[PDB]
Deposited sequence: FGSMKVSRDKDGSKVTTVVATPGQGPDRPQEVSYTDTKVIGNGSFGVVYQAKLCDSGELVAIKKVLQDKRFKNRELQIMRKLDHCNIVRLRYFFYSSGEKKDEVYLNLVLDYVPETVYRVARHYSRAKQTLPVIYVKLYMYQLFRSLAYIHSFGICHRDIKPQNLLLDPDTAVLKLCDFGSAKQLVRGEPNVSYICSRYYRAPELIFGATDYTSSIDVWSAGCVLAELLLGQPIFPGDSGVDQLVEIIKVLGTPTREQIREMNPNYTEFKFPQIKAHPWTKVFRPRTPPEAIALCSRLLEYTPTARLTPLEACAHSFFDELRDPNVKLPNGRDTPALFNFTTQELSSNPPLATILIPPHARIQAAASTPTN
């Protein structure tokens, strides 16, 4: 059918308007809710619609977060509307449709027994760090960074971060749930039960994605919460007493067998670009404050090729926009802008 609703622009207004869509198709279902694919009647533009059951006498965290965001590497909230079991309310997030995910692309190469071309690893990870730089500048932590939540336009190689259903604006002093993030990408402080963690848990998860892109498989495939730490210890060894305090000050373990870290150069295939391993070693640190900030990660030597005037996608096309930085995005370290924006990128 042609479905017509009254929906509020995600941008603001916020003044409601009639929005019509067709070709409705279920493309996702979970405990979170249902995701549809649809086609807008006046534009023809494809959209995704995320339908979530809403506690009617409460506000939606994901909505409040999504309304604040406007960034080329974050899925755009076009509209939102409510409906409508009798007295049940569903919130509908209308998002720009993006056909692929980093997960499905990486899985393709993985099943073909080959590694994703290094240029894409640079492209996707850099766009990931940008999206993180953006949301962290608001104090918003995603808390569910994984390849499945990274959307890809296969033609343009644009990456958009999605699924803010776990996201939270973190306030220091106010405790946060520890059992969060998909297991393989869960920061070690979370496993140790930290409630005072920071946005740096997203950087850990970003490091896991990077490593996965290099390995063709998850770096830490834990079968459970405890086994997740077992997996981490195989690479990083055991944390020092100081790293434990840094992760969770409320956790104490007076005695445990110390284990040395495995060399990063042996974690990855011999032909893994040494700069990718270097970046990875600065993201997958026990000490949360020792991890690179997303901006610092964007400025890393590994992304040097992206700042090269003559860089092209393997398909001949030019790369997506990479240097359109805003004051908000650069706010954690404003001077880094002269390194991040190379001379050919300026107006």
Next on the checklist: From the N-terminus onward, what segments of the deposited sequence lack any C-alpha atom in this model?
Outcome noted: 1-13, 98-99, 363-371
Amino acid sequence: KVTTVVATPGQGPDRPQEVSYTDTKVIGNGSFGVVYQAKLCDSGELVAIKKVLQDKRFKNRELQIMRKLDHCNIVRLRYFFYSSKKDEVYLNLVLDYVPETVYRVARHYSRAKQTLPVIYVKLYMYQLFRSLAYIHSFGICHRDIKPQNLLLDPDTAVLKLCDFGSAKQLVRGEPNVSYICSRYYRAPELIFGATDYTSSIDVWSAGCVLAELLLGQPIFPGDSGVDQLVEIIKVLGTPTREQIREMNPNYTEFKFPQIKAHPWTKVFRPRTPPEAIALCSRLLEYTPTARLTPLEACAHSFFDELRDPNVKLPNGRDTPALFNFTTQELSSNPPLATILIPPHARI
From here on, numbers count along this sequence of modelled residues.
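Between two forms, the rigid core is defined as the largest C-alpha subset superposing within 1.5 Å.
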Item to check | Of 322-330 and 12-20, which departs more from this form in 9 other deposited structures of this protein by CA RMS after core fitting | outcome: 12-20
Item to check | Larger mean CA deviation from the shown form in 9 other deposited structures of this protein [core fit; 217-225 vs 133-141] | outcome: 217-225
Checklist entry - Would 204-212 or 97-105 have the larger average of its C-alpha temperature factors, as given in the entry? => result 97-105
Item to check | Selected stretch [higher average CA B-factor]: 152-160 or 272-280 | outcome: 152-160
Next on the checklist: Maximum C-alpha temperature factor per the entry, among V26, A297, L63, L69, belongs to which one?
Outcome noted: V26
Checklist entry - Which listed residue, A48, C41, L306, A290, has the largest C-alpha temperature factor in the record? => result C41
Checklist entry - Considering only modelled residues of the same chain, in which third does the CA B-factor of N248 rank: lowest, middle or highest? => result middle
Checklist entry - Which third, lowest, middle or highest, does the CA B-factor of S84 fall in along this chain? => result highest
Checklist entry - Comparing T240 with the other modelled residues of its chain, is its CA B-factor in the lowest, middle or highest third? => result middle
Next on the checklist: Which third, lowest, middle or highest, does the C-alpha temperature factor of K113 belong to within its own chain?
Outcome noted: highest
Item to check | Assigned third (lowest, middle, highest) for the C-alpha B factor of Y197 | outcome: lowest
